[PDB]
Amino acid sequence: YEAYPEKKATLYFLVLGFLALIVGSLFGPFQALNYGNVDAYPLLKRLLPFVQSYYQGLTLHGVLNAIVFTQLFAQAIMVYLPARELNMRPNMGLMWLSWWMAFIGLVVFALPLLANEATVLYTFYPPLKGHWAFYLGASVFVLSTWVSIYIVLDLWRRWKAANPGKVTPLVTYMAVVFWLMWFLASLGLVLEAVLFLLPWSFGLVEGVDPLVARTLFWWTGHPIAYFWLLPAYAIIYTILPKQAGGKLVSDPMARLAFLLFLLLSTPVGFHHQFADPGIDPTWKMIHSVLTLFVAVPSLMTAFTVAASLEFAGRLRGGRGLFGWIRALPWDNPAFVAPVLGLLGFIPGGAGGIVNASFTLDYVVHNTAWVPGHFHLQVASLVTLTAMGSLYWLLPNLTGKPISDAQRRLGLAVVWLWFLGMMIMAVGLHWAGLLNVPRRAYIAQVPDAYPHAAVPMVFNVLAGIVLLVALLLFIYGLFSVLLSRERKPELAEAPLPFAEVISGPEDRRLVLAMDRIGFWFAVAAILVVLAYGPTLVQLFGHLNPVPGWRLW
């Protein structure tokens, strides 16, 4: 800790992160039962008395699970890992600043959320008007990542100062293109908070234009998903191959995936605005095409990762078409959790690809399908990857060991989570296909969707299954976090970074990819090009409208 103070900072990012996840997830099974046509909210309201509505709980769930936990995780992973690869200390003053910004922002935002003063959901679309403490508290939380951005660019430049004419190391390159992307990405929401949300919630302006808010929101709105995703990819790419018993089959192909994410993660936001008025169809088509493009790096990722796993499995004795699968370390939860998350990502990305296809969005937009799509994505792949990291990262950060028993419980939590997520995914997609809306207390209109009787059952089962997983995870996290035993040979042991398989790389591409400034600029131009004209028009004809509180 004196030698590596970055350990303690990263530890705080993780723990606060999982805390958000646990409290956020408490509302999960209840919402699952709701989409199963079962009303267990009276029970929840006795247990947690401050919960006033299904929709206050939905806010807590999304904000806490999708915004808070994921970010804290991203900040933990994409700071520590580049730092451990480069064997250099981060700017510690900055690292504690960013933590405190996140904590304080969280606590301030939590105040009105718990008090039923900002029941607006995690999208907070105007004219639904939340408490100023929510918009401020959110802002300070999100901004904390600019401080993260600095820290990593700092580490980066320092290294390059000591290493001119050397290419950027794999994890650090990932983390740099990641953060730089997030900076552009984040400009949408920053603008929306600063020009509209904050002034409005404080009383400074009377109204906000709903269309311009939604547009600026979804600027940040999409890339924030890749912001959640990439920390899990960085682990899947540079660590998972080792845990699997193999190596990363390609370093350049990893960089390409990541580069493509810097270039294609922001200029696509209109795919959330397919059914919005006042946006030209030609821009909706452009974005759709560009969205289809951004799916390429994950398509690419699918193969590289799968190849790496095959390599691992063959190295461990697996023979045949399917034999390498069974040869993998299915006893190790650090390996199991991500692999399972990648499995569900198949249907997850598949549903995403449908969502992007402009007109096909009308079939599914705003139905239970969407929730089904994204739970495979963030609530499964990201969450499970973070879950499995406990079994290598927590010991690395605390010295505390993972007992054999604790590893077994780890497998169980992981598997049950995965399965519940699959089950729920089936129930929601199908329900969405039956026109069942998202964001709806549907168990309170029990005669409204009789056609959805079947998928409702999956939803219920999913609810109880995921209640069990979450329960086991709570017990299990605290068993390792509040464990008596501590062993510092574990804290000093290296991060299980994989090696890169022996292939003459194409040093040409790697070098081109390393011209980061160039690529950052390009990425910026593409955002100006995809968003510029449309925002120009919208600002030229603003039509602000009174806020409303309807809860």
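Each residue number is its position in the shown sequence, starting from 1.
Set 273-281 against 393-401 and average the Cα temperature factors; 393-401 ends up higher.
On average the C-alpha atoms of 204-212 have higher B-factors than those of the other stretch, with 71-79 and 204-212 being the two compared.
Within the group 261, 122, 324, 430, the record's highest C-alpha temperature factor is found at 324. Highest CA B-factor among 222, 373, 408, 438, as stated in the entry: 408.
In the PDB entry, residue 344 places in the lowest third of its chain by CA B-factor. In this PDB entry, residue 533 carries a Cα temperature factor that places it within the middle third of its chain's modelled residues.
Residue 4 sits in the highest third of its chain by CA B factor, as recorded in the PDB entry. In the PDB entry, a CA B factor belonging to the middle third of its chain's modelled residues is recorded for residue 517. In the PDB entry, a CA B factor belonging to the lowest third of its chain's modelled residues is recorded for residue 21.
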